[PDB]
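S.K.: Chains as they are written, first to last, in the entry's author numbering: chain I2, 163 to 194; chain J4, 521 to 558; chain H2, 197 to 294; chain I3, 244 to 291.
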Amino acid sequence: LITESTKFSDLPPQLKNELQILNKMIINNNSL
Amino acid sequence: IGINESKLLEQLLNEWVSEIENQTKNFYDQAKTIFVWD
Amino acid sequence: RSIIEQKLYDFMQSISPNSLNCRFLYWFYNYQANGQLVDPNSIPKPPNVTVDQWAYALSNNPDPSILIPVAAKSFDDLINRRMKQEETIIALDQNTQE
Amino acid sequence: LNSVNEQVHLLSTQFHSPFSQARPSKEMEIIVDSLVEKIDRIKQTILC
């Protein structure tokens with residue numbers, strides 16, 4: 163499964179991409 | 521930042537929830553400051 | 197879904213300005229230099245805002261005769277208005293000095 | 244990894260911070276002290 167105890171290493175590369183869009187959006191707000 | 525490959529998804533979600541509530545606060549206080557300048 | 201595939205998605209729908217559920221939603225008011233009284237029932241409700249959120253934007257407008265309610269939903273929207281306060285400050289000083 | 248990734252992001256919103264970042268930047272302060280700590284590691288190696 164995915165559990166919340168899953169590491170970023172292990173994640174399906176689609177979810178791993180969307181998470182690296184989300185991490186950019188959160189940093190975006192600090193820049194603004 | 522690219523997410524560190526060793527991190528747990530639970531840690532990353534709680535880290536991002538904390539930052540979104542910090543950003544939520546500062547959005548309303550900055551927008552309230554803009555409203556006083558209006 | 198899993199619980200996680202919902203936690204993360206409803207969270208992403210809390211940041212996104214295209215969401216009805218955005219945590220960022222300020223209500224500004226902008227003055228209409230036409231000198232023409234506007235019917236508040238004629239003002240076209242913004243995209244991605246609920247009916248309940250717009251009823252609030254009309255009920256807290258400090259003068260419906262001359263001010264239109266405007267939503268902001270990110271720091272980009274805040275600074276797309278902050279730069280216009282500096283634009284107005286520079287023009288307002290220049291007419292005060294003259 | 245963090246500090247390079249923030250300057251990569253600031254230079255992607257095209258955001259002129261009105262409070263201009265102080266000059267030199269605090270990571271350049273830290274880079275010069277990172278040269279001192281290597282220099283004094285060399286001194287303490289010569290003396291050993």
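Beta carbons: idealized from backbone N, C-alpha and C, even for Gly.
Assign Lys527 (chain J4) to one of two classes, buried (16 or more other C-beta atoms within 10 Å of its C-beta) or exposed (fewer than that).
M.R.: Flag for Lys527 (chain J4) reads exposed.
S.K.: DSSP three-state label for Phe555 (chain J4), please.
M.R.: Three-state result, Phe555 (chain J4): helix.
S.K.: Give the single residue among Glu525 (chain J4), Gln550 (chain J4), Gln543 (chain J4), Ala551 (chain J4) whose Cα lies nearest to the Cα of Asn190 (chain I2).
M.R.: Closest by alpha carbon: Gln543 (chain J4).
S.K.: Between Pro236 (chain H2) and the rest of its own chain, which residues show a CB-CB distance below 7 Å, the 5 nearest in sequence each way excluded?
M.R.: Cβ within range, chain order: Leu254, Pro260.
S.K.: Look at the Cβ atom of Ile188 (chain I2), then the Cβ atom of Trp536 (chain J4), and state whether they are nearer than 7 Å.
M.R.: Their beta carbons are under 7 Å apart, which means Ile188 (chain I2) touches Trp536 (chain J4) by this criterion.
S.K.: Determine the chain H2 residues that contact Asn191 (chain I2) at a beta-carbon separation under 9 Å, and present them in chain order.
M.R.: The answer, in chain order, is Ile211, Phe220, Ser270, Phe271.
S.K.: Quick one: which chain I3 residues come within Cβ less than 9 Å of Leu194 (chain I2)?
M.R.: What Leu194 (chain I2) touches in chain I3: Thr256, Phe258.
S.K.: Just the chain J4 side, please: which residues come within less than 7 Å of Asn185 (chain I2) by C-beta, in chain order?
M.R.: Chain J4 residues near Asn185 (chain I2): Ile521, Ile523.
S.K.: For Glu541 (chain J4), tell me which candidate among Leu216 (chain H2), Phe207 (chain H2), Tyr225 (chain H2) has the shortest Cα-Cα distance.
M.R.: Looking at the Cα atoms, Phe207 (chain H2) is the closest of the given residues.
S.K.: Considering just the uninterrupted stretch of the alpha helix (DSSP H) at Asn185 (chain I2), what are its terminal residues?
M.R.: Start and end: 175-193.
S.K.: What are the partner residues of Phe224 (chain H2), as DSSP defines its beta bridges?
M.R.: For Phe224 (chain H2), which the question treats as bridged, DSSP gives the partners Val266 (chain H2).
S.K.: So what does DSSP say about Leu529 (chain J4), is it helix, strand or coil?
M.R.: DSSP places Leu529 (chain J4) in helix when its eight states are reduced to three.
S.K.: Looking only at DSSP bridge pairs, what is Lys169 (chain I2) linked to?
M.R.: Partner(s): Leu528 (chain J4).
S.K.: Along the chain, where does the alpha helix (DSSP H) that runs through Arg266 (chain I3) open and close?
M.R.: Run containing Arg266 (chain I3): none; DSSP gives neither H nor E here.
S.K.: Any chance the CB of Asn257 (chain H2) is under 6 Å from a heavy atom of the ligand NAP?
M.R.: This structure lacks the ligand NAP; in fact it carries no ligand of any kind.
S.K.: Using DSSP with H/G/I as helix, E/B as strand and the rest coil, what is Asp235 (chain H2)?
M.R.: Of the three classes helix, strand and coil, the one that applies to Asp235 (chain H2) here is coil, per DSSP.
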